[PDB]
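Trainee: First the structure, then my questions, so here it is.
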Amino acid sequence: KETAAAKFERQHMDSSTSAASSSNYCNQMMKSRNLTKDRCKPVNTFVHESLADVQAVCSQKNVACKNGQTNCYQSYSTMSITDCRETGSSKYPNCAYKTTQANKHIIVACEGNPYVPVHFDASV
């Protein structure tokens, strides 16, 4: 099955654009990445940076993850990110999202060898 690393790429990496270009970014991306297949995933963040810059977070600032785990890392720099949040009108299978573009620090949980991001914790 899909690896945790690959799922991370699928769910959160958008190196093809440097920012969301229209309010429909979220609707399009959430659908195209298969995040609304089984249900409308309520929230999702996409990161507009190269994979190697995101992977590099795993060797940046170690912080506790929201749930208490100690394998989280916070990026030294801000990153271009797109926040996607389910709208009051969202109704499966027509999931609908609000797009919010921002430059923030990202926090990811890392695992394995190579030690890479497997989960998006938060943006600060």
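By Swiss-Prot numbering, chain A shows 27-150, in order.
Just so you know, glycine gets a Cβ as well, placed from its N, Cα and C.
Under the heading active site, proton acceptor, Swiss-Prot lists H38. What Swiss-Prot records for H145 is active site, proton donor. As annotated by Swiss-Prot, substrate binding site applies to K33, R36, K67, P68, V69, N70, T71, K92, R111. Look at Swiss-Prot and you will find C52-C110, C66-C121, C84-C136, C91-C98 tagged as disulfide bond. Taken from Swiss-Prot, the feature glycation site applies to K27, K33, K63, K67. According to Swiss-Prot, the N-linked glycosylation site annotation covers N60, on the basis of experimental evidence.
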Trainee: Between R111 (substrate binding site) and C52 (disulfide bond), how far is it from one CA atom to the other, in Å?
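Mentor: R111 (substrate binding site) and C52 (disulfide bond) have their Cα atoms 8 Å apart.
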Trainee: Over all pairs within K33, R36, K67, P68, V69, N70, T71, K92, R111, the annotated substrate binders, what is the largest Cα to Cα distance, rounded to whole Å?
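Mentor: Output for substrate binders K33, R36, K67, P68, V69, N70, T71, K92, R111: max Cα distance 22 Å.
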Trainee: Can you tell me which recorded positions out of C52, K63, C66, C110, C136 are within 10 A of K33 (substrate binding site) by Cα, answering none if there aren't any?
Mentor: none
Trainee: Quick one: Cα separation, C66 (disulfide bond) versus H145 (active site, proton donor), in Å?
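Mentor: Rounded to the nearest whole number, the Cα-Cα distance is 18 Å.
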Trainee: Just to be sure I understand: of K63, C98, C110, which recorded positions have a C-alpha no more than 10 angstroms from the C-alpha of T71 (substrate binding site)?
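Mentor: Of everything listed, what lies within 10 Å of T71 (substrate binding site) (Cα to Cα) is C110.
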Trainee: Quick one: which of these recorded positions, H38, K67, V69, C84, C98, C110, have their CA within 10 A of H145 (active site, proton donor)?
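Mentor: Passing the 10 Å Cα cut: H38, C98.
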Trainee: Output the one of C91, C121 that, of all these disulfide-bonded residues, has the highest number of other Cβ atoms within 10 Å of its Cβ.
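Mentor: The largest 10 Å Cβ neighbour count belongs to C121.
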